[PDB]
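Heads up, the chain below is alone and in the form deposited in one PDB entry; it's given as structure tokens.
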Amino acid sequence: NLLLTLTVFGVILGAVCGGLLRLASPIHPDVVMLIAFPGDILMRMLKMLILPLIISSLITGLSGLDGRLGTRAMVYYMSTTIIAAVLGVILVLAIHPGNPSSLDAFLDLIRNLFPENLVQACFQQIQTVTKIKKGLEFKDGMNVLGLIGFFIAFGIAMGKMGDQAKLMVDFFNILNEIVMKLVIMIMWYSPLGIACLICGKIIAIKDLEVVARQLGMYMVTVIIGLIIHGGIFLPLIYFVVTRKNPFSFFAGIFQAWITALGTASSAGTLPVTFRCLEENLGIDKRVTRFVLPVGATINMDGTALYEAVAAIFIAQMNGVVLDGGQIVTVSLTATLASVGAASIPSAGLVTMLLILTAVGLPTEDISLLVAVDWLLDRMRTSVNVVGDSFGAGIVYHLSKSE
């Protein structure tokens, strides 16, 4: 993509400009603030779209776009995505690629799933505080999970209204279409905004090597998880359900997996993977035709794991320990954000800010992730496809009732 080319030029232009300035001389903090500042505007403009995206997206999906295969598929996609998100979380916490009550954390999480007030859910979340007399208190930070939960119920209830709700469905489609023209417009300013964030990050850092390590270990963590998720869990889950040889199964899809690494798009890989399951594995076109193109938008195991790893890496870098509820929010938002980084065009960065905002994390560090994203995007696209493929397998085998 031009935007993909522009964003990487952008990273370079900003990396080089960042060193030139860093090696040039100490940059007065008000001059770094300014070099960064257009990049802060980019984060502000994306964060501004999170709320209207969540509401538009949820309502349009759960109503507008709602058999046995369907449940089989949907149950598969969601299970695998949460597995990848949790694996992400487990792995990032174990390897810990970053260097700078428990019950309450869980009850605050459950509390925040049911916000007393929707406008207040939009910009504030509940917390427990110790006075040893405990109290609930508000804290700044959009209650994302609470809002999502409300809008899932809202959105399912609207489906259960059928055409009686068609005017409300239509209203929220238009809102989605608009809000998506804006996430596209803003993403055109993204290369310059990324440039400025990076340029501003290099100049601030005390020791490039510490950050090169930390970011390197961040890349090893994502590839570990994609390897575990792609190479063990998904095949293992196929064998456990199909009692079939997964090594046989891979043999068929290898054309697709090659295609995924090269294309870095599951949409471009789509016609290849139809062939690989229809011809080589011999999966019934019906089970394919449903599951492959649906899976190419909602199943993104690999994008789930990346987002979970990335979120805690940013947390860890900014010397934040996540409480048990934060780490559960990360798993649930990583899952959803995955589903929507794939469903919403050029929402990759929006969905990262969703995750960071949900856990109340400093957002400017997203710059280093944008920097290494281009290498990782081909590898997670591979795990993303392989998942969809195994699904075709697990659905067809579980669909011999027919």
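By rigid core we mean the largest C-alpha set that fits within 1.5 Å across both forms. Numbering starts at 1 and runs along the sequence shown.
FYI, the form deposited in another entry isn't displayed, but the following is about it.
When the two forms are superposed on their rigid core between the shown form and the other one, the C-alpha shift of 2 Å or more among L369, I50, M45, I344 belongs solely to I344.
Whereas the shown form places them at one spacing, the Cα atoms of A347 and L261 lie at least 3 Å closer in that other deposited form. The pair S343 and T269 is at least 3 angstroms closer at the CA level in that other deposited form than in the present model.
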